[PDB]
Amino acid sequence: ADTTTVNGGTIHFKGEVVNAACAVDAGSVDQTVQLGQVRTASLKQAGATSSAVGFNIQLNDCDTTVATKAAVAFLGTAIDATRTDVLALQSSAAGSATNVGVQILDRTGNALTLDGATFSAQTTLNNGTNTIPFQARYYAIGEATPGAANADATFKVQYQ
């Protein structure tokens, strides 16, 4: 019955990475992130964006004698071969939106290539708790069409 909206479900992030420097918080290893609902009229041409929502990857127990910096990379399916930082939806079949994916922006506003090897801007660590912030947002690759939108990605943390 939806003829007018991309109707955001969740983007689901998983990232079980173990390192001596810090522990990934248990609330960060398997998280969702709701984007909600956008009229297709607002995503009518390639490059249009909407509905940026924040999420964080929290590191606990950091020890700066082990690492002074951290960064995160994300892995997922590109929506097409010429849009390497736009995550395909889990489905573009009947009932799901087409011509729209999801980008993961780091704390400097840069979209991250979804190759598991393109690291965010670094957090300069303090001992203890460190919160690395991101956003997710919709990104149109053409005239978006209506339907459900859900996506999935995994993440890794690199320390130095």
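One-based numbering along the sequence shown.
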> Of 132-140 and 9-17, which one has the bigger average CA B-factor?
Replying inline: 9-17
> In the PDB record, does 21-29 or 142-150 carry the higher mean Cα temperature factor?
Replying inline: 142-150
> Taking the values straight from the PDB record, which of 58, 34, 127, 68 has the highest C-alpha temperature factor?
Replying inline: 34
> Going by the entry, which of 101, 109, 116, 95 has the most elevated CA B factor?
Replying inline: 95
> Split the chain's modelled residues into thirds by Cα B-factor; is residue 78 in the lowest, middle or highest one?
Replying inline: lowest
> Split the chain's modelled residues into thirds by Cα B-factor; is residue 72 in the lowest, middle or highest one?
Replying inline: lowest
> If you rank every modelled residue in this chain by C-alpha B factor, which third holds residue 88: lowest, middle or highest?
Replying inline: middle
>> Test of reading the entry: by CA B factor among the chain's modelled residues, which third contains residue 123?
In response: middle
> Lowest, middle or highest third of the chain for the C-alpha temperature factor of residue 62?
Replying inline: lowest
